[PDB]
RNA sequence: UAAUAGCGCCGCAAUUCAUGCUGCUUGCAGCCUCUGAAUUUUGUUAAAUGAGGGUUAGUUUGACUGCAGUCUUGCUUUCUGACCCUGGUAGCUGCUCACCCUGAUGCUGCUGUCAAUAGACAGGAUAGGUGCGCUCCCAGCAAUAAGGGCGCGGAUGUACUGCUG
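Protein chains in written order, with PDB author numbering: chain Q, 3 to 166; chain O, 2 to 144, 173 to 406, 412 to 635; chain S, 2 to 88.
Written as structure tokens, this is what we have:
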């Protein structure tokens, strides 16, 4: 038996605006989990493999976000801030990137998927929807392990130089 | 007891074209009188609460449309045909909506009432035995039982001790010693939630649609969608849902609810003829096989017998009851009145064929008319009582008709019929005072020479379902199925079951209270599938497709009706009972008949 | 679908340059040409279900291209709507 | 060449009784010659089922009166037979494809002759695999389930069968 340890996981702190797909992706690298493994631990089954793709066709319910909150130690009201606000239409096909800000905070911000967003206001730069050199479309944000293009291996921080 | 017989009607073009023009023009006020209720009428939600349409409202919407410039060109009987159809549309749809509302409430009760054994202990603050003791007291008070216990939970909350009344109700109105598995209870409570959800969805229904022949909405939408730009995804899809819609090709049928509004005659050539009230210029010729001709001769003999007798006999006993005149769809090219085929469908009360059967209808109507007059007892209401009393007097004067002694069966001998997925029927004939089965039949006996047709039906359903899939992927128009073969097999079994009931002089045939098996299975398989594919909704739907599909293809209501019809034409009583959950198909049939006999008192 | 000569003719008139092989002007105009040839057949051949699938796709693409152009540049959008006779 | 397996049917063989067959005890004894239920077996010039697409106001299943005599209509469907075809040019129109990998409820599969090009000619419902069929299996193709890889041009503020025909 254990000598007086408290039950634990490699918890992670969320960044100031990352998407739920990106956060779950980091959580399941801090702990080595598969997408269906994290869904099974949370008790919500195969649901997590939709959310990592932004397949929010039926939206994340209060009861499902609370189930994830019991794993990841973030309350349901802070998990809701990683999803679009009520009636803010997102798009889940083109994954998009600022890249200039990815040097200030290495994350996929949820706001880059809003249908109303076309330029990052912190930097006044046009948002990217493909790698500026090889034209490859970005992987889903849960898979942003390297923080670079998967085809030509150019860092996302260097795509700051190639945009607008 | 009623049947429908049919004949094609033949005439020269001018007559088949003039009737089409009146039906293409009549088909339109059947649309406008729907809309005058579907959105125009303010009281509509009061009707949805009551479940019934007011008996005069459609006539009061139609009366001012009789002078409409679009609708004014039609006989007084074609407006009554419009009023009839639209009355029957709404009078059906409101009665569908009301039984759904009642089911949703009647299970919303039960989703509140259904609690685990641990929840009853918490809710009572007492032992599960104290609950068993109170459940035993409640059965002692009650001895309508299941309703009385439901009412005793709806009344009589009794310091939450209605917990024990729910304990009886979940145990099937009986005491139970066993304490239940929370996983089995979770599946059980989830089935009710699924039924509740499904009912709250089905509660909303598409407001009953008219058969538009004009294509005008479709043509306007086409030229809109191809020349303009939608402002929204909702508008772009609204045009798609219109452009995908297949438009009707046939007008609504004429309905003639008064038998005398068809007039029969014999042509010079010896053929029978017919004409309709308001269309008395357009003579039509009857064409039908000699297997059905005897009714069309009887129509003319009933009419001649009344006319030869100075109207002293009543059409209250005419063999014809009502006619529906319809254009059946033809094939290939030509004008609609040259391409389609006028067909007259006659409702006939089969027991009016014989004198011994006509006497049943004489007594049935004479009792109903007498009660009507005594319930009534104003100006036109007196004129209506003149119609009724001329009937109550005239109905005693007999038509000269064929004689055949009525069938009589033994009040103790019953035929039990057991229906299922693998065995569509199986039969046990029981002498209920001997408790002795006189005979059993399985399907291989019960349709004999035809037993190859069950194997044909299963081959044809499987073969044709795959061909329809292959055809849809190619947009081929070829789409076929085993529906007429299934209808024939259900009729072969219905004749054989009643021939067997006559053979053993049975007093009745017993049919199971199957109820809505399709919805029950759909909820059970869903509550289970949610435990095996959690979150993967596509996997939940794929769980037992062939079982759910075979239950949705299960023709039990059509076999039950086929047996009812043939039994009532023979004179054998129909009775009903609970079908056993366990036992062989024979044991099911045996216990079903004995249960229906026990229910006599 | 269009003849070879008809595509070359349309791309040379809506394209900003001969090498403008796929601007929104070109794509929307080409779709408009197809749709204008398909409504004349689909209004006559009312039983031709397989062609209603083709039309409903082809109209829905035109709308996406136009919505994209509207936000990208309203002047290009306004001129294109004029030159194609749309409302 | 291949198709071993799985699943659904069809009988064939038992084995166990009855809704059956002999008795009178009108409920028992007795067996499987029939007629039927249940399980298990089988693939034997056994037997039985056996979906390439089409064709007749076809015949029989009918009414009335004492099984004989009159009258008779051509409606809507399910089978069994039989016969025919395995298509022709004249427009309109949808989808699919730069090029690759995986290969789907994907397409294709008969006999004979000539070519051995991918196609003609003459036969034909025996028509890939088994007793008979499949979304299964074998062989060929696979752009027209889907996913992934990825070249040059157009666009590149999220649109892009949007190019390579």
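Ideal placement from N, C-alpha and C gives every residue a C-beta, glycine not left out.
Where the alpha helix (DSSP H) through residue i begins and ends
| i | result |
| --- | --- |
| residue 87 (chain S) | No alpha helix (DSSP H) contains residue 87 (chain S), which DSSP labels as neither H nor E. |
| residue 24 (chain Q) | 22–32 |
| residue 102 (chain Q) | Counting along the chain, residue 102 (chain Q) falls outside any alpha helix (DSSP H), and DSSP gives it neither H nor E. |
| residue 18 (chain Q) | Premise fails: residue 18 (chain Q) is in no alpha helix (DSSP H) and is neither H nor E. |
| residue 123 (chain O) | 118–125 |
| residue 38 (chain S) | 25–43 |
| residue 279 (chain O) | Note, residue 279 (chain O): premise wrong, no alpha helix (DSSP H); not H, not E. |
| residue 619 (chain O) | 619–632 |
| residue 88 (chain O) | 77–114 |
| residue 331 (chain O) | 322–336 |
| residue 588 (chain O) | Taken as a continuous stretch (DSSP letters only), residue 588 (chain O) belongs to no alpha helix (DSSP H), as it is neither H nor E. |
| residue 58 (chain O) | 58–63 |
| residue 267 (chain O) | 262–272 |
| residue 558 (chain O) | 551–566 |
| residue 178 (chain O) | 174–183 |
Given residue i as reference, the closest of the options once Cα atoms are compared
| i | options | result |
| --- | --- | --- |
| residue 91 (chain O) | O:473, O:58, O:119 | O:58 |
| residue 242 (chain O) | O:544, O:623, O:2, O:21 | O:21 |
| residue 61 (chain S) | S:14, S:8, S:50, S:32 | S:32 |
| residue 106 (chain Q) | Q:17, Q:69, Q:42, Q:114 | Q:17 |
| residue 52 (chain O) | O:299, O:570, O:98 | O:98 |
| residue 90 (chain Q) | Q:34, Q:70, Q:118 | Q:118 |
| residue 132 (chain O) | O:175, O:338, O:205, O:105 | O:205 |
| residue 543 (chain O) | O:25, O:190, O:629 | O:629 |
| residue 22 (chain Q) | Q:42, Q:115, Q:130 | Q:115 |
| residue 88 (chain Q) | Q:104, Q:111, Q:142, Q:62 | Q:62 |
| residue 604 (chain O) | O:458, O:536, O:614, O:518 | O:536 |
Residues sharing a beta bridge with residue i, DSSP
| i | result |
| --- | --- |
| residue 465 (chain O) | O:447, O:470 |
| residue 356 (chain O) | O:371 |
| residue 304 (chain O) | O:292 |
| residue 421 (chain O) | Its beta-bridge partners do not exist; DSSP assigns none. |
| residue 121 (chain Q) | Q:128 |
| residue 36 (chain O) | The partner list for residue 36 (chain O) (beta bridge, DSSP) is empty, contrary to what the question assumes. |
| residue 236 (chain O) | According to DSSP, residue 236 (chain O) bridges with nothing at all. |
| residue 92 (chain Q) | Q:116 |
| residue 349 (chain O) | O:377 |
| residue 475 (chain O) | O:461 |
| residue 111 (chain Q) | Q:20 |
| residue 157 (chain Q) | Q:150 |
Endpoints, beta strand (DSSP E) assigned at residue i
| i | result |
| --- | --- |
| residue 541 (chain O) | 540–546 |
| residue 284 (chain O) | 283–285 |
| residue 9 (chain O) | 3–11 |
| residue 313 (chain O) | 313–316 |
| residue 609 (chain O) | 607–611 |
beta-carbon residue i near the ligand SAH non-hydrogen atom, thresh 7 Å
| i | result |
| --- | --- |
| residue 507 (chain O) | Absence of the ligand SAH from the depicted structure is noted, as is the absence of any ligand whatsoever, leaving it without description. |
Against chain Q: residues of the region 568–588 of chain O by CB proximity under 9 Å: Along the region 568–588 of chain O, going in chain order, the ones with a CB nearer than 9 Å to a CB of chain Q are 568, 569, 570, 571, 573.
Positions along the region 46–57 of chain Q whose CB lies within less than 9 Å of some CB in chain O: 46, 47, 48, 49, 50, 51, 52
Sufficient close CB pairs (3 or more, under 8 Å) joining the region 564–579 of chain O to the region 510–529 of chain O: no
Contact the region 349–358 of chain O vs the region 280–297 of chain O: 3+ CB pairs below 8 Å: Yes: at least three Cβ pairs fall under 8 Å.
Cβ contact check for the region 273–286 of chain O and the region 78–86 of chain S: 3 or more pairs under 8 Å: no
Residues from the region 31–49 of chain S in contact with chain O, defined by Cβ distance under 7 Å: Listed by position, the residues of the region 31–49 of chain S near chain O (Cβ gap below 7 Å) are 36, 40, 44.
Residues from the region 13–43 of chain Q in contact with chain O, defined by Cβ distance under 9 Å: Per Cβ criterion, the list reads 41, 42.
Members of the region 54–70 of chain S near chain O, C-beta cut-off 9 Å: 54, 56, 57, 60, 61, 63, 64, 67, 68
Residues of the region 252–266 of chain O with Cβ closer than 7 Å to any Cβ of chain S, in chain order: Residues passing the 7 Å Cβ filter: 254, 255, 256, 257, 258, 259, 265.
Three CB pairs or more closer than 8 Å across the region 365–375 of chain O and the region 4–20 of chain O: yes
Cβ contact (3+ pairs, closer than 8 Å) linking the region 194–211 of chain O and the region 140–160 of chain Q: no
Members of the region 69–86 of chain S that neighbour chain O once the beta carbon cut-off is set at 7 Å: none
Sufficient close CB pairs (3 or more, under 8 Å) joining the region 461–477 of chain O to the region 423–440 of chain O: The answer is no - the region 423–440 of chain O does not touch the region 461–477 of chain O, with fewer than three Cβ pairs under 8 Å.
Chain-ordered residues of the region 498–518 of chain O with a beta carbon less than 7 Å from chain S: 509
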